Amino acid sequence: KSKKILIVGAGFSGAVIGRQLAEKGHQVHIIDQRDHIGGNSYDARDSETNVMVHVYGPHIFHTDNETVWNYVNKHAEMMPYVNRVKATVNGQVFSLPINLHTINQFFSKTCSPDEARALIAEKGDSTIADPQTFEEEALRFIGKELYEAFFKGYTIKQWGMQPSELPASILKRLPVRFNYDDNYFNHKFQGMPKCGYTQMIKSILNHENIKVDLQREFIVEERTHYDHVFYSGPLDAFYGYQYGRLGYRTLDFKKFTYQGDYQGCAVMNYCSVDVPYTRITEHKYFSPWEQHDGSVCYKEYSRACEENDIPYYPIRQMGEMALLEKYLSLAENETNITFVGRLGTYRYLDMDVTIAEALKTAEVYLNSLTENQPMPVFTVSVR
Ligand SMILES: Cc1cc2nc3c(=O)[nH]c(=O)nc-3n(C[C@H](O)[C@H](O)[C@H](O)COP(=O)(O)OP(=O)(O)OC[C@H]3O[C@@H](n4cnc5c(N)ncnc54)[C@H](O)[C@@H]3O)c2cc1C
């Protein structure tokens, strides 16, 4: 039986479920409230500069999942790109994550790796028996100068919270690498789509069995015209925020164009509270195989997600999870729908993890047909 599917969202979740289902002969209808596909992974070429701009902030592709890597290479030319981050703080510029250079530079030293391990040990705060706080976990690990330089002000700006208000759980391991490797990400596969994520997702959507409708908001009544709905929209929004809004940080991006080269790297973090933006991204650096005279940059600002804002980073502490549980027990009562994705499940997910879950979701749904069985509302655990 060729099933009639509605998908709410044209991001990775929607596109990847859609395409898997379309290929098995189902009639997939994808809608998006935005005037463009891609969801938050969307990029577009600035008309004045011709720079590929990542519209909703830097998107760097990285995965240890070979299946997912193979999948993206089917839909794009993946360019070798290894993300490297600088941070400005204390009137100095450092490598991130904290590594041997960061240390040697920070302390005006020349430590070998083993010498640096001793320094971090004799810099770690030897007091709080059982650290209960992110502040004290950090202090135990790296000590005061580094906690303050690299962690304190960044948390306050990014989360609108004191690190003393967060649990020790946030920092499981010593955040230092005892060599000169300055790759930000440890993933096996790391690349950048030559022609961008939007072209990649356009290719993913490129199937006879998929109809895309843009500038179209979901309306609950439509539900009855379909065999099943896959919903990648905000879970609380689906229920009209009847219990209250789920906690999110929003981001404002202030766009500006520079002639030449504004910062000389893709991403520069500003760890200080004395800098109101959190980082500056210079988009042309995500495409090193291109040359651009002009440069589009974003100053990035973190903020509480008020009602009109794009939700970005989920807060997810005790009271948020408490409020989620209310939606979850409404949702787990629903009959012909599956909530997926960063918003439908209130988790932060990377692109590769999105595609992974999206492939599995479709696999689960397809199986449920052959084996004539009910399709679950969640294919991944949410609590
Ligand atoms: C600031 C930031 C930076 C990121 N950078 C990286 C990175 O560098 N590397 C990485 O791996 N991942 C990155 N990500 C994660 C990446 O953005 C997500 O994995 C990806 O967006 C997941 O897409 P999705 O399809 O699951 O959901 P989304 O991309 O949010 O797509 C959902 C779509 O649904 C639409 N929609 C919602 N509600 C409705 C409705 N009611 N009706 C119609 N349409 C609706 C929205 O318009 C949207 O287009 C980043 C995330 C953030 C917040």
Side-chain angles (χ1 to χ4, degrees), residues 6-19 29-43 54-65 68-69 72 81-83 85 158 184-185 187 189-193 197-198 200-201 204-205 212-223 229-241 248-253 266-267 278-279 281 283 286 298 300-303 305 309-315 337-359 361 379-380:
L6 183 66
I7 313 215
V8 184
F12 280 113
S13 279
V16 176
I17 295 161
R19 180 54 171 276
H29 185 204
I30 312 199
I31 68 172
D32 207 298
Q33 65 199 2
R34 277 159 190 188
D35 80 340
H36 55 263
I37 68 164
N40 271 27
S41 306
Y42 173 82
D43 49 25
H54 304 163
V55 170
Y56 307 88
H59 278 68
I60 316 307
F61 200 86
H62 41 70
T63 186
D64 280 299
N65 187 313
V68 169
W69 180 248
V72 298
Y81 175 85
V82 174
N83 183 235
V85 174
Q158 198 73 251
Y184 200 86
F185 299 109
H187 310 263
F189 303 103
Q190 284 182 53
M192 198 82 220
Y197 300 96
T198 297
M200 195 205 140
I201 296 178
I204 292 166
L205 297 160
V212 179
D213 286 313
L214 298 173
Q215 295 193 72
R216 175 146 161 195
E217 268 175 26
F218 174 66
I219 307 158
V220 222
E221 300 258 312
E222 294 183 297
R223 264 235 256 170
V229 181
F230 298 97
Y231 194 90
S232 75
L235 178 69
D236 57 353
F238 182 98
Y239 296 102
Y241 320 101
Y248 266 98
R249 291 254 92 185
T250 197
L251 298 189
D252 300 312
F253 305 105
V267 186
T278 225
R279 52 167 185 190
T281 66
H283 287 98
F286 290 125
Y298 282 170
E300 177 178 309
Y301 301 85
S302 191
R303 222 188 67 204
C305 183
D309 308 315
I310 300 169
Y312 283 88
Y313 295 131
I315 287 149
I337 190 163
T338 306
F339 298 99
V340 305
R342 58 184 277 273
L343 305 171
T345 55
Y346 189 49
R347 294 175 301 151
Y348 175 97
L349 298 162
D350 282 339
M351 288 181 294
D352 71 299
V353 177
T354 298
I355 297 159
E357 291 184 0
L359 288 171
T361 293
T379 60
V380 70

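Along the sequence shown, residues are numbered consecutively beginning with 1. Indexing begins at 1, ligand by ligand and atom by atom, following the structure's order.
Qualifying salt bridge (charged side-chain N to carboxylate O under 4.0 Å, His left out) partners for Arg347, counting only residues two or more places apart in sequence or in other chains: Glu357. With sequence neighbours excluded, the residues satisfying salt bridge (charged side-chain N to carboxylate O under 4.0 Å, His left out) with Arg279 are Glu300. Applying the salt bridge (charged side-chain N to carboxylate O under 4.0 Å, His left out) criterion to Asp252, with sequence neighbours excluded, gives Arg303.
In summary, the side chains of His29 and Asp213 do present a donor paired with an acceptor at a separation below 3.5 Å, with no hydrogens or angles considered.
At a heavy-atom cutoff of 4.0 Å, ligand 1 is surrounded by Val8, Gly9, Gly11, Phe12, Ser13, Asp32, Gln33, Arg34, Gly39, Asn40, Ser41, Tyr56, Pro58, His59, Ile60, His62, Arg216, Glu217, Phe218, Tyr231, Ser232, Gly233, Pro234, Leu251, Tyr312, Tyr313, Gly341, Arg342, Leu343, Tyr348, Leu349, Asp350, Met351, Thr354.
Judged by distance alone, the side chain of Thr250 and the main-chain N or O of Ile310 form a donor-acceptor pair under 3.5 Å.
For the pair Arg34 and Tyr56, the cation-pi criterion (under 6.0 Å, within 45° of the ring axis) is fulfilled.
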